[PDB]
Amino acid sequence: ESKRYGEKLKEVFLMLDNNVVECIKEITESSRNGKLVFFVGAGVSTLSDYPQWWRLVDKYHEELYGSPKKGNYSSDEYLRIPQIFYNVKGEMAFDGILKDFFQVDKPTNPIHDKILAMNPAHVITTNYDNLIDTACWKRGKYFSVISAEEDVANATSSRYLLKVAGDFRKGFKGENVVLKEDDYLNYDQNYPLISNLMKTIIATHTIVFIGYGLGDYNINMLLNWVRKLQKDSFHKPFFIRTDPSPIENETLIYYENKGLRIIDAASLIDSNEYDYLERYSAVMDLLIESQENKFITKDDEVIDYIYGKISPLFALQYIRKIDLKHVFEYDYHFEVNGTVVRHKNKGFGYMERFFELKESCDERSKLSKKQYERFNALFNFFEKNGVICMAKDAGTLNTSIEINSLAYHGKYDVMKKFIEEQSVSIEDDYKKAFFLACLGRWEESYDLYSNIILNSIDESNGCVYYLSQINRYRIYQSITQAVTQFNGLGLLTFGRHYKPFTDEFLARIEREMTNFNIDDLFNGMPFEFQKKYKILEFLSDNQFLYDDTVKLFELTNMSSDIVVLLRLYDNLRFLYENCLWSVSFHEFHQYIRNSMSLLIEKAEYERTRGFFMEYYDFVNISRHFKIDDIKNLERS
Amino acid sequence: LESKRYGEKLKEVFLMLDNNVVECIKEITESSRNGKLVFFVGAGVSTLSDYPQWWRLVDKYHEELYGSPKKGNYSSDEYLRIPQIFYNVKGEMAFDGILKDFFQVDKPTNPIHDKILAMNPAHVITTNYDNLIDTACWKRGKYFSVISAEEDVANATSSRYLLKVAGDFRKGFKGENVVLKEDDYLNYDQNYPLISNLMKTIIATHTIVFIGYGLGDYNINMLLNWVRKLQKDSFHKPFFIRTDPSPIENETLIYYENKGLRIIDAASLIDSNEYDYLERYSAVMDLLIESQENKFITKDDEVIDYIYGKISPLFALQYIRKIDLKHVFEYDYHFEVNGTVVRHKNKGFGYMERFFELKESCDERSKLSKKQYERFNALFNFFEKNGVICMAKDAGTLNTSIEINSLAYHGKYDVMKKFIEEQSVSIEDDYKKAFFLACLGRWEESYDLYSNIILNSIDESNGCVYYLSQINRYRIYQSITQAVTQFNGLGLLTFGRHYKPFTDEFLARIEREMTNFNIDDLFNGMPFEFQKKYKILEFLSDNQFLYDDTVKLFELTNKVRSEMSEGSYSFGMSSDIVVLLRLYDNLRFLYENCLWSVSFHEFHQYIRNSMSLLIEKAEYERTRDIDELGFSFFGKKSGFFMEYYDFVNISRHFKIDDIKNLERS
Amino acid sequence: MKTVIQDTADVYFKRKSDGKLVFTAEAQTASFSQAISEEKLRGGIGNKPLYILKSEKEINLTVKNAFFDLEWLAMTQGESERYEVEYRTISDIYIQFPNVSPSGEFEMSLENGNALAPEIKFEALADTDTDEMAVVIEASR
Ligand SMILES: NC(=O)c1ccc[n+]([C@@H]2O[C@H](COP(=O)([O-])OP(=O)(O)OC[C@H]3O[C@@H](n4cnc5c(N)ncnc54)[C@H](O)[C@@H]3O)[C@@H](O)[C@H]2O)c1
Ligand SMILES: NC(=O)c1ccc[n+]([C@@H]2O[C@H](COP(=O)([O-])OP(=O)(O)OC[C@H]3O[C@@H](n4cnc5c(N)ncnc54)[C@H](O)[C@@H]3O)[C@@H](O)[C@H]2O)c1
């Protein structure tokens with residue numbers, strides 16, 4: 001059980017055909033991107049002992065004729081018997097049996113939780129029980145329920161729980177659900193909105209079909225609608241089949257040409273003829289554990305989960321190690337000294353196995369060329385980012401900072417010469433504007449940022465466009481906060497108030513920059529940019545890279561001094577190598593002043609019951625500090 | 001001057017409205033602010049850019065076939081009939097040879113494109129073949145995923161669409177990529193099954209505003225037919241901006257307002273000539289733009305209702321802080337710790353100043369409606385209970401009081417037990433009972449009580465008892481697990497019994513239940529109303545908990561130490577009194593709202609570091625030095641005397657070690 | 001039940017030649033720093049027969065919530081200078097600093113001017129002839 005199930009799932013993963021592996025790979029990617037929508041039907045509810053439909057058709061049949069039918073009801077007898085009862089006996093009698101059968105309270109099977117474990121964007125069910133609603137409410141995933149035509153427009157949230165076959169929320173009557181034959185014969189005329197709302201999610205989402213038979217009315221109607229489309233034009237839905245006998249090959253070929261990508265449940269495992277709960281569980285746990293990377297064991301696979309998360313971070317010149325535990329999931333914390341530690345992996349360790357490939361030459365040589373040239377780039381980038389090998393294999397521990405920014409050293413003549421020379425390779429333009437910000441020519445920097453934003457949307461580089469927009473917003477703030485003080489303190493401080501900005505230019509910037517919020521900038525970028533460059537989110541908000549000041553609280557009350565200095569240099573290198581104008585504002589200056597003052601104060605404190613500074617400390621003290629602060633630290 | 005006169009002219013037009021074109025503006029602005037506004041830009045917005053109208057194409061085809069051009073205007077069917085004859089007679093390589101000449105031209109974007117992309121529409125449904133809307137979105141920093149073919153529906157790179165229900169020329173200037181000659185209008189549902197569904201879903205799930213589209217159009221007729229097929233009231237009524245030269249006949253307006261449209265007429269709002277189309281568009285668009293900034297706010301009832309529109313939701317909470325109140329007004333008034341209010345910059349009428357002046361005079365409060373009087377009688381109580389006194393300019397000697405009305409803060413454990421053993425009346429009683437229980441250990445009962453609270457609020461629309469009850473449970477979960485892993489390596493035999501109050505089955509129950517919670521996502525999972533109507537209650541479920549308070553606490557401590565070493569004097573509020581006020585604000589908020597997060601390391605460190613600074617400043621002030629003229633500068637102040645609250649805070653969140661060292665140092 | 005008591009003061013900054021109110025603001029802090037300097041000023045015996053007392057005195061002032069006079073703003077905007085400051089803090093003292101110099105520095109905040117940094121600093125400037133740094137006047141309580 002505890003060990004048997006865990007070993008069995010991993011063993012079954014190694015015997016699956018390439019088709020099932022591809023289906024699982026696509027499903028996991030769709031769930032991770034946030035475009036996975038389940039399609040629950042009768043079968044995920046009967047696991048909770050909910051009554052089946054035939055048990056009500058039998059009651060109708062024996063209340064009409066007098067004896068249960070001698071055999072299994074066909075597809076027509078499911079809709080014709082209840083219709084005969086409605087026509088002959090009446091409507092209140094038709095609803096009394098519905099109240100008798102469906103006025104029951106049943107638990108929620110684990111599958112109802114597993115369906116919610118994959119984070120489906122929507123959920124489309126064709127049953128009338130509130131089991132899935134109860135599960136969603138209890139697990140804390142709010143879903144707007146849509147069981148009536150009037151509920152489509154009044155949707156409070158963005159995630160739906162579309163019940164396309166009615167519901168008993170308003171009462172146990174046959175006018176709210178689709179059960180009879182004429183209910184299906186008038187479904188497109190009585191439900192014109194829930195049909196569009198269901199056909200839109202199918203076309204713009206990944207769809208799974210857990211809990212359905214392979215010959216249902218709904219499946220065939222959906223396939224009939226699907227065949228009316230063009231060449232491919234959409235993603236073929238997946239179909240989790242959990243019937244006792246294995247699917248025949250002819251019926252699999254017939255249905256896989258109509259759109260379905262069937263993942264049979266009675267082929268990955270062997271189970272009893274009635275163990276349905278252990279057939280849903282096999283597929284669901286396979287998908288969930290494939291999400292957790294448990295089924296990952298190979299040399300080329302770790303160069304895909306490593307390259308597939310580091311490759312987007314190539315436009316940036318130097319990314320911080322404090323947030324490098326965010327490009328990878330929260331497991332494998334990264335430390336400023338350069339030490340790696342796994343925290344919440346819960347799977348096969350990839351970075352720990354990754355270091356081994358960089359600690360030999362024959363193991364590396366056994367990698368494919370496509371996976372080896374990737375490893376070379378990963379290795380050199382990792383060295384360039386100061387991420388040297390694992391914590392356990394600690395050795396010579398040195399720390400060096402080599403900020404190469406031409407503005408940190410204050411080589412203003414070099415900046416002017418670089419600005420003068422004509423620039424290509426638009427990234428090189430992105431530097432120039434920042435240099436134009438340093439020299440004070442903010443209007444030219446704004447114009448060059450607008451030009452970069454114009455000629456960047458056409459390209460496939462979103463990082464430059466996003467950073468240029470953030471820099472332009474910061475420059476607009478600087479211009480407005482300088483004009484608000486020239487017509488102000490400027491008369492007393494200088495007299496003869498300078499007008500370095502034309503009034504027309506200020507009107508232009510107020511016409512452009514207005515009606516633009518900075519909090520929703522990252523939310524307007526494409527989905528790929530919202531996942532590959534998620535670490536760039538803190539730049540958008542006003543609390544940028546504030547993940548360091550709280551430890552200043554914690555480290556004020558390898559020691560704290562070395563880590564604080566390392567983080568200070570990391571932030572300086574990040575904000576100066578990648579040209580960002582937000583390095584000259586009051587918040588970053590306050591952070592630098594606080595860190596340096598804490599270090600100096602702790603040196604004095606440790607001198608009683610020392611510290612050696614260098615060029616980068618002198619520059620920071622002379623630039624981010626003031627005369628008053630230096631007098632305070634000298635006298636205190 | 002254009003801008004000098006237009007701003008007041010728009011106000012004059014607004015006060016002259018019939019109030020039937022005012023509900024439409026209210027709804028449109030509300031949809032724009034709620035992110036559910038979708039425009040339906042037609043073929044009359046591009047004509048402002050001097051784009052070739054379709055009649056000049058039918059005339060070109062008609063010239064090719066029937067010699068000279070037609071003598072007279074074209075009807076609504078000859079538009080789709082002449083090009084079809086040209087296609088079926090002349091050919092197909094010549095049909096596109098005229099489209100290339102009449103459409104391979106680049107034109108500038110008119111200001112109406114900016115007006116449309118100034119309300120931040122969710123999507124932009126258009127029936128144009130040009131790329132003017134896409135260009136306007138490009139040069140304004142908004143990324144709309146374009147959809148002009150059936151194969152683009154599945155490959156939607158973003159969430160905000162730019163659906164073109166007519167086609168596009170991106171694949172080339174050929175008639176097979178656009179909606180055109182009558183056959184294309186017949187084989188449409190069979191040729192475009194996905195685009196039609198997307199359009200009819202955005203129409204049914206958003207607030208649609210029609211710009212362009214003179215009445216009698218083909219597309220408007222089809223939309224009216226489809227809406228006629230709807231049931232009774234499931235669909236909303238699409239608005240309709242009519243910008244024709246002459247006013248609208250009353251009979252036609254009555255006819256079209258019974259089919260779904262809500263026509264906002266432009267000719268009945270201003271005086272314009274037959275060829276003043278740009279002004280007619282811009283009047284309606286400018287009214288819509290300037291209505292959402294509260295520029296058209298004059299009356300006192302408007303101010304009182306608007307202030308009630310951001311305070312009324314905050315009635316389940318018992319005491320909201322002051323720094324958080326700045327978020328409730330969209331960054332318009334800096335509510336200060338002392339209770340004084342300031343102006344951020346502004347956006348419209350100064351409603352806060354008007355509210356304060358209304359509260360100053362009883363007569364002015366009596367010079368208003370009755371229901372607004374009832375609203376004021378609650379706003380005044382809420383503001384008095386939350387330490388807001390007056391405007392910043394009208395400040396003075398403020399006797400700022402603090403109060404923590406909570407049994408948890410004052411011990412009294414027997415009263416807590418008496419309340420807990422008693423039965424429960426309402427869910428708010430169960431919330432306080434769970435908090436008291438958690439303060440009294442017994443976390444197994446507290447977790448189940450929180451689960452019952454979460455389960456028993458299903459359709460009550462009270463997110464405060466739902467958003468918090470989950471969060472507290474998370475904080476009643478970590479404290480369990482963090483306690484479980486600390487009794488094995490430190491509490492192994494400290495009591496000689498290895499006491500683990502939580503059993504082994506319960507810890508496996510909470511693991512199954514409290515799995516994949518991702519508390520940082522919880523606020524984004526709540527309904528759209530809760531995400532804005534209670535936007536203040538978001539810093540609880542993140543790493544921002546006491547984050548920026550500590551960020552400012554470092555600045556305050558450094559300033560206090562600097563003024564401590566500079567031998568400088570302080571006036572008004574200082575860097576030490578502000579710390580005390582902020583600490584008391586947070587302490588009252590957490591306890592009064594019964595949040596379990598007041599028993600974690602971050603808060604115990606923040607209060608420690610605040611009160612250490614306060615004690616430092618008080619002891620320094622007890623031994624001040626006389627100066628040359630500063631001897632008559634700092635006098636009566638004496639602002640720090642350790643009261644009952646200070647003593648109770650100096651012995652609960654306080655450590656024996658620091659008191660051991662801070663007593664002598 | 002704690003109750004914090006806070007007072008306030010009004011700082012009036014004007015020009016010397018006329019009564020033109022430069023602006024009016026609040027009082028935030030004042031620093032009277034009187035002390036001596038390094039041994040470089042006075043080394044060995046030197047002036048032993050006549051020891052002279054050297055007193056280095058600095059008067060720094062900070063003002064917050066400052067608004068400029070509209071008439072003076074209009075006069076100065078449409079096309080060195082010695083100013084003065086007056087204090088009227090509460091009894092109530094009337095402190096007057098003559099010939100002060102307004103220092104300052106420009107700071108840019110991320111949040112569109114969070115707190116807008118309305119802090120103005122003044123330094124007391126003393127000439128060889130002028131000596132009255134501050135006039136202290138007391139009135140009825
Ligand atoms: N059709 C009849 O008139 C009739 C008569 C007597 C008995 N039954 C029994 O009713 C059950 C369902 O019959 P059906 O015609 O709907 O086939 P079906 O395949 O169309 O049922 C739908 C799906 O329910 C799922 N499921 C999960 N747990 C299940 C469970 N305990 N039992 C059945 N399905 C489960 C299955 O994946 C199934 O594909 C069967 O066990 C059948 O023996 C049916
Ligand atoms: N209908 C014909 O066969 C025909 C023939 C010759 C000339 N025209 C000219 O076409 C113009 C519009 O008639 P229509 O039948 O093409 O559609 P329409 O007039 O019935 O409606 C088109 C809508 O687009 C806007 N519009 C029209 N002209 C505009 C302009 N210059 N600038 C900005 N917006 C404008 C208006 O809001 C109008 O409601 C008329 O001015 C007419 O002179 C039409």
# chains A, B, ... in the order shown; residues from 1 in each chain; ligands from 1
$ residues_near_ligand --ligand "ligand 2" --cutoff "7 Å" --atoms "only C-alpha atoms and all ligand atoms" --output "list in words"
residues 43, 44, 45, 47, 48, 53, 54, 55, 72, 73, 74, 75, 212, 213, 214, 215, 242, 243, 244, 275, 277 and 278 of chain B
$ write_last_selection --atoms "C-alpha atoms" --output "mmCIF file, in the first residue's frame"
data_model
loop_
_atom_site.group_PDB
_atom_site.id
_atom_site.type_symbol
_atom_site.label_atom_id
_atom_site.label_comp_id
_atom_site.auth_asym_id
_atom_site.auth_seq_id
_atom_site.Cartn_x
_atom_site.Cartn_y
_atom_site.Cartn_z
ATOM 1 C CA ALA B 43 -17.073 50.166 -40.274
ATOM 2 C CA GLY B 44 -17.792 53.811 -39.469
ATOM 3 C CA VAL B 45 -14.904 54.361 -37.075
ATOM 4 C CA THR B 47 -13.917 56.050 -42.187
ATOM 5 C CA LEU B 48 -12.639 58.844 -39.934
ATOM 6 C CA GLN B 53 -15.892 52.835 -48.011
ATOM 7 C CA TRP B 54 -17.477 49.716 -49.471
ATOM 8 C CA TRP B 55 -19.742 51.696 -51.813
ATOM 9 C CA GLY B 72 -28.045 56.548 -57.682
ATOM 10 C CA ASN B 73 -27.205 55.054 -54.300
ATOM 11 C CA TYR B 74 -26.929 51.311 -53.691
ATOM 12 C CA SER B 75 -29.450 49.428 -51.563
ATOM 13 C CA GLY B 212 -20.145 53.058 -35.666
ATOM 14 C CA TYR B 213 -22.799 50.786 -37.199
ATOM 15 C CA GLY B 214 -25.543 53.034 -38.478
ATOM 16 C CA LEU B 215 -28.921 51.426 -37.787
ATOM 17 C CA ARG B 242 -25.717 56.437 -32.875
ATOM 18 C CA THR B 243 -23.735 59.201 -34.594
ATOM 19 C CA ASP B 244 -25.838 60.049 -37.643
ATOM 20 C CA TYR B 275 -20.213 66.340 -41.942
ATOM 21 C CA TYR B 277 -18.879 63.065 -37.614
ATOM 22 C CA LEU B 278 -15.649 63.322 -35.611
#
$ residues_near_ligand --ligand "ligand 1" --cutoff "9 Å" --atoms "only C-alpha atoms and all ligand atoms" --output "CSV table (one decimal) with N, CA and C atoms, in the first residue's frame"
chain,number,residue,atom,x,y,z
A,41,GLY,N,-18.7,13.3,-15.8
A,41,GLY,CA,-20.0,12.7,-16.1
A,41,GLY,C,-20.4,11.7,-15.1
A,42,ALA,N,-21.5,11.0,-15.4
A,42,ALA,CA,-22.0,9.9,-14.6
A,42,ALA,C,-21.0,8.8,-14.5
A,43,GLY,N,-20.5,8.5,-13.3
A,43,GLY,CA,-19.4,7.6,-13.2
A,43,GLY,C,-18.4,8.1,-12.2
A,44,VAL,N,-18.2,9.4,-12.2
A,44,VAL,CA,-17.4,10.0,-11.1
A,44,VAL,C,-18.4,10.4,-9.9
A,45,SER,N,-19.7,10.4,-10.1
A,45,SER,CA,-20.7,10.6,-9.1
A,45,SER,C,-21.2,9.2,-8.5
A,46,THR,N,-21.3,8.2,-9.3
A,46,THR,CA,-21.8,6.9,-8.8
A,46,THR,C,-20.7,6.2,-8.0
A,47,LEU,N,-19.5,6.7,-8.0
A,47,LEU,CA,-18.5,6.2,-7.0
A,47,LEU,C,-18.8,6.7,-5.6
A,48,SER,N,-19.6,7.8,-5.5
A,48,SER,CA,-20.1,8.2,-4.2
A,48,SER,C,-21.5,7.6,-3.9
A,49,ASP,N,-21.8,6.5,-4.5
A,49,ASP,CA,-23.0,5.7,-4.3
A,49,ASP,C,-24.3,6.5,-4.8
A,52,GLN,N,-27.9,5.5,-10.2
A,52,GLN,CA,-27.7,5.5,-11.6
A,52,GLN,C,-29.1,5.9,-12.2
A,53,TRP,N,-29.0,6.3,-13.5
A,53,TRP,CA,-30.2,6.7,-14.2
A,53,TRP,C,-31.2,5.5,-14.4
A,54,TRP,N,-30.6,4.3,-14.7
A,54,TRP,CA,-31.5,3.2,-15.0
A,54,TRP,C,-32.4,2.8,-13.8
A,55,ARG,N,-31.9,3.1,-12.6
A,55,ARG,CA,-32.7,2.7,-11.4
A,55,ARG,C,-34.0,3.6,-11.3
A,57,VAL,N,-35.5,4.9,-14.4
A,57,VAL,CA,-36.2,4.4,-15.5
A,57,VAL,C,-37.0,3.1,-15.1
A,58,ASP,N,-36.3,2.3,-14.3
A,58,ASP,CA,-37.0,1.0,-13.9
A,58,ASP,C,-38.2,1.4,-13.0
A,69,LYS,N,-38.3,-4.4,-16.4
A,69,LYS,CA,-38.0,-4.9,-17.8
A,69,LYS,C,-37.0,-6.1,-17.6
A,71,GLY,N,-34.3,-7.3,-19.0
A,71,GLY,CA,-33.1,-7.0,-19.7
A,71,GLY,C,-32.6,-5.6,-19.4
A,72,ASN,N,-31.5,-5.2,-20.1
A,72,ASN,CA,-30.9,-3.9,-19.9
A,72,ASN,C,-31.6,-2.9,-20.9
A,73,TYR,N,-31.8,-1.7,-20.4
A,73,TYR,CA,-32.5,-0.7,-21.3
A,73,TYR,C,-31.5,-0.2,-22.3
A,74,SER,N,-32.1,0.1,-23.5
A,74,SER,CA,-31.3,0.6,-24.6
A,74,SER,C,-31.2,2.1,-24.5
A,75,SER,N,-30.6,2.8,-25.5
A,75,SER,CA,-30.4,4.2,-25.5
A,75,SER,C,-31.8,4.9,-25.7
A,77,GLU,N,-34.8,3.6,-24.7
A,77,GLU,CA,-35.6,3.4,-23.6
A,77,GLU,C,-35.2,4.2,-22.4
A,78,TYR,N,-34.0,4.8,-22.4
A,78,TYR,CA,-33.6,5.8,-21.4
A,78,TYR,C,-34.4,7.1,-21.4
A,210,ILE,N,-13.1,12.4,-18.1
A,210,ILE,CA,-13.2,11.4,-17.0
A,210,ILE,C,-14.6,11.1,-16.7
A,211,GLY,N,-15.0,9.9,-16.4
A,211,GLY,CA,-16.3,9.5,-15.9
A,211,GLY,C,-17.3,9.3,-17.0
A,212,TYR,N,-16.9,9.0,-18.3
A,212,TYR,CA,-17.9,8.9,-19.4
A,212,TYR,C,-17.7,7.5,-20.0
A,213,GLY,N,-18.8,7.0,-20.5
A,213,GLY,CA,-18.8,5.9,-21.4
A,213,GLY,C,-18.4,6.3,-22.8
A,214,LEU,N,-18.0,5.3,-23.6
A,214,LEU,CA,-17.6,5.5,-25.0
A,214,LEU,C,-18.7,5.5,-26.0
A,215,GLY,N,-20.0,5.3,-25.6
A,215,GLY,CA,-21.1,5.4,-26.5
A,215,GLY,C,-22.2,6.2,-26.0
A,216,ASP,N,-21.9,7.2,-25.2
A,216,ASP,CA,-22.9,8.1,-24.6
A,216,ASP,C,-23.5,9.0,-25.6
A,240,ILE,N,-10.4,9.5,-20.8
A,240,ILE,CA,-10.0,8.5,-19.8
A,240,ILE,C,-11.2,7.5,-19.8
A,241,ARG,N,-10.9,6.3,-20.3
A,241,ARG,CA,-11.8,5.2,-20.3
A,241,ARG,C,-11.5,4.2,-19.2
A,242,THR,N,-12.5,3.9,-18.4
A,242,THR,CA,-12.3,3.1,-17.2
A,242,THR,C,-13.3,2.0,-17.1
A,243,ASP,N,-13.4,1.3,-18.3
A,243,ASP,CA,-14.3,0.1,-18.3
A,243,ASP,C,-13.6,-1.1,-18.0
A,244,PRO,N,-14.3,-2.2,-17.6
A,244,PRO,CA,-13.6,-3.4,-17.1
A,244,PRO,C,-12.7,-4.1,-18.2
A,274,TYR,N,-15.1,-5.2,-10.8
A,274,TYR,CA,-15.8,-4.1,-10.2
A,274,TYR,C,-15.0,-3.1,-9.5
A,275,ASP,N,-13.7,-3.2,-9.6
A,275,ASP,CA,-12.8,-2.2,-8.9
A,275,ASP,C,-12.6,-1.0,-9.8
A,276,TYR,N,-13.7,-0.2,-9.9
A,276,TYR,CA,-13.7,1.1,-10.6
A,276,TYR,C,-12.9,2.2,-9.9
A,277,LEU,N,-12.9,2.2,-8.6
A,277,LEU,CA,-12.2,3.2,-7.8
A,277,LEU,C,-10.7,3.0,-8.0
A,279,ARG,N,-9.4,2.0,-10.9
A,279,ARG,CA,-9.1,2.3,-12.3
A,279,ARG,C,-9.0,3.8,-12.6
A,280,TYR,N,-10.0,4.6,-12.0
A,280,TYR,CA,-9.8,6.0,-12.0
A,280,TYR,C,-8.5,6.4,-11.3
$ select_by_dssp --residues "stretch 418-460 of chain A" --states "alpha helix (DSSP H)" --output "list in words"
residues 418, 419, 420, 427, 428, 429, 430, 431, 432, 433, 434, 435, 436, 437, 438, 439, 442, 443, 444, 445, 446, 447, 448, 449, 450, 451, 452, 453 and 454 of chain A
$ atom_distance --atom1 "atom CA of residue B:202" --atom2 "atom CA of residue B:159"
12.2 Å
$ interface_residues --of "chain A" --to "chain B" --cutoff "6 Å" --atoms "only C-alpha atoms" --output "MDAnalysis selection string"
chainID A and resid 142 149:150 153 156:157 196 203:204 233:234 526:527
$ residues_around --residues "residue A:476" --least-positions-apart "5" --cutoff "8 Å" --atoms "only C-alpha atoms" --output "PyMOL selection string"
chain A and resi 446+509+513
$ write_last_selection --atoms "N, CA, C and O atoms" --output "PDB file, in the first residue's frame"
ATOM      1  N   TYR A 446      13.394  59.149 -22.669  1.00  0.00           N
ATOM      2  CA  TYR A 446      11.989  58.816 -22.881  1.00  0.00           C
ATOM      3  C   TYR A 446      11.706  58.535 -24.351  1.00  0.00           C
ATOM      4  O   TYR A 446      11.008  57.569 -24.686  1.00  0.00           O
ATOM      5  N   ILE A 509       3.679  63.876 -22.603  1.00  0.00           N
ATOM      6  CA  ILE A 509       3.897  62.762 -21.686  1.00  0.00           C
ATOM      7  C   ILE A 509       2.676  62.545 -20.801  1.00  0.00           C
ATOM      8  O   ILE A 509       2.332  61.401 -20.480  1.00  0.00           O
ATOM      9  N   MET A 513       1.300  58.894 -20.857  1.00  0.00           N
ATOM     10  CA  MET A 513       1.488  58.083 -19.658  1.00  0.00           C
ATOM     11  C   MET A 513       0.202  57.941 -18.852  1.00  0.00           C
ATOM     12  O   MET A 513       0.058  56.978 -18.090  1.00  0.00           O
TER      13      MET A 513
END
$ interface_residues --of "chain B" --to "chain C" --cutoff "7 Å" --atoms "only C-alpha atoms" --output "short mmCIF file (atom, residue, chain, number, x, y, z; two decimals) with N, CA, C and O atoms, in the first residue's frame"
data_model
loop_
_atom_site.label_atom_id
_atom_site.label_comp_id
_atom_site.auth_asym_id
_atom_site.auth_seq_id
_atom_site.Cartn_x
_atom_site.Cartn_y
_atom_site.Cartn_z
N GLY B 396 -4.69 69.98 15.20
CA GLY B 396 -4.53 70.68 16.46
C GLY B 396 -4.00 69.74 17.52
O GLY B 396 -3.31 68.77 17.22
N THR B 397 -4.33 70.06 18.78
CA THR B 397 -3.92 69.21 19.89
C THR B 397 -4.75 67.93 19.90
O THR B 397 -5.85 67.90 20.46
N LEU B 398 -4.22 66.88 19.28
CA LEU B 398 -4.95 65.63 19.13
C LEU B 398 -4.68 64.72 20.32
O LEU B 398 -3.54 64.28 20.53
N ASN B 399 -5.72 64.44 21.10
CA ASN B 399 -5.63 63.48 22.20
C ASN B 399 -5.94 62.08 21.66
O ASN B 399 -6.98 61.48 21.94
N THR B 400 -5.01 61.58 20.86
CA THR B 400 -5.19 60.29 20.20
C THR B 400 -5.25 59.17 21.23
O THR B 400 -4.28 58.91 21.94
N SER B 401 -6.41 58.51 21.32
CA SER B 401 -6.60 57.40 22.23
C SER B 401 -6.46 56.07 21.50
O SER B 401 -6.60 55.99 20.28
N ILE B 402 -6.16 55.03 22.27
CA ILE B 402 -6.06 53.67 21.74
C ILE B 402 -6.88 52.75 22.63
O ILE B 402 -6.99 52.98 23.84
N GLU B 403 -7.48 51.72 22.03
CA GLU B 403 -8.33 50.80 22.77
C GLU B 403 -8.24 49.43 22.13
O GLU B 403 -8.35 49.30 20.91
N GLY B 567 21.76 65.35 18.93
CA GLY B 567 21.33 66.31 19.92
C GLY B 567 20.30 67.26 19.35
O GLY B 567 20.32 68.46 19.64
N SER B 568 19.41 66.73 18.53
CA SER B 568 18.39 67.50 17.84
C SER B 568 17.07 67.42 18.60
O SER B 568 16.87 66.56 19.47
N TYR B 569 16.16 68.33 18.26
CA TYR B 569 14.86 68.42 18.90
C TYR B 569 13.77 68.04 17.90
O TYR B 569 13.97 68.11 16.68
N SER B 570 12.62 67.65 18.42
CA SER B 570 11.51 67.18 17.61
C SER B 570 10.28 68.04 17.86
O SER B 570 10.06 68.52 18.98
N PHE B 571 9.48 68.23 16.81
CA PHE B 571 8.25 69.01 16.88
C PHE B 571 7.11 68.22 16.26
O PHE B 571 7.31 67.44 15.32
N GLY B 572 5.91 68.44 16.77
CA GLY B 572 4.75 67.71 16.28
C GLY B 572 4.90 66.23 16.52
O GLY B 572 5.22 65.79 17.63
N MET B 573 4.68 65.44 15.47
CA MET B 573 4.89 63.99 15.53
C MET B 573 6.38 63.72 15.33
O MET B 573 7.08 64.48 14.65
N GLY B 639 5.85 62.34 26.29
CA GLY B 639 4.85 61.54 25.60
C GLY B 639 4.85 60.05 25.87
O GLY B 639 3.93 59.36 25.42
N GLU B 643 2.07 52.46 30.16
CA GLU B 643 0.73 52.23 30.67
C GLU B 643 0.45 50.73 30.77
O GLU B 643 1.35 49.89 30.64
#
